[PDB]
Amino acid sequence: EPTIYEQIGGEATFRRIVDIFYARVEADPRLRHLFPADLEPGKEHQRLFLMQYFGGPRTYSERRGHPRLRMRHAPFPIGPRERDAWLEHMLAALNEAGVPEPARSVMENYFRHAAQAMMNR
């Protein structure tokens, strides 16, 4: 059976999601300060991670090793404020990119869980 990666149109669709997400992050003074001056490497890492998580190429683990996202987010103070902002933008990206059901629901479910689990304050 098709992976979600396949269900939603593969790499091109993840590119679109991450583009919308990062545009919103860049424009959000609640969040911009946490990110580097050069956003591009992180934007690439996020695209590759999502592609991998949802059944696509394992390019992410080739570049970056194990995700260990909770450890990677430890340097950023993340409370409900940051969580809510992040989720707002990623769900808007999902919805704006036209991801079809049922995959869109799986992705939302994952993000709601993962955003909560990333909080550290």
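Numbering starts at 1 and follows the sequence shown.
Novice: Out of 60-68 and 24-32, which stretch has the higher average CA B-factor listed in the record?
Specialist: Per the PDB record, 60-68.
Novice: Averaged over C-alpha atoms, is the B-factor higher for 78-86 or for 51-59 in this PDB entry?
Specialist: Looking at the record's C-alpha B-factors, the answer is 51-59.
Novice: Can you work out whether the C-alpha temperature factor of residue 103 puts it in the lowest, middle or highest third of the chain?
Specialist: Ranked within chain, residue 103 CA B lands in the middle tercile.
Novice: Against its chain's modelled residues, does residue 120's Cα B factor rank lowest, middle or highest third?
Specialist: Middle third - that is where residue 120 ends up once the chain's C-alpha B-factors are sorted.
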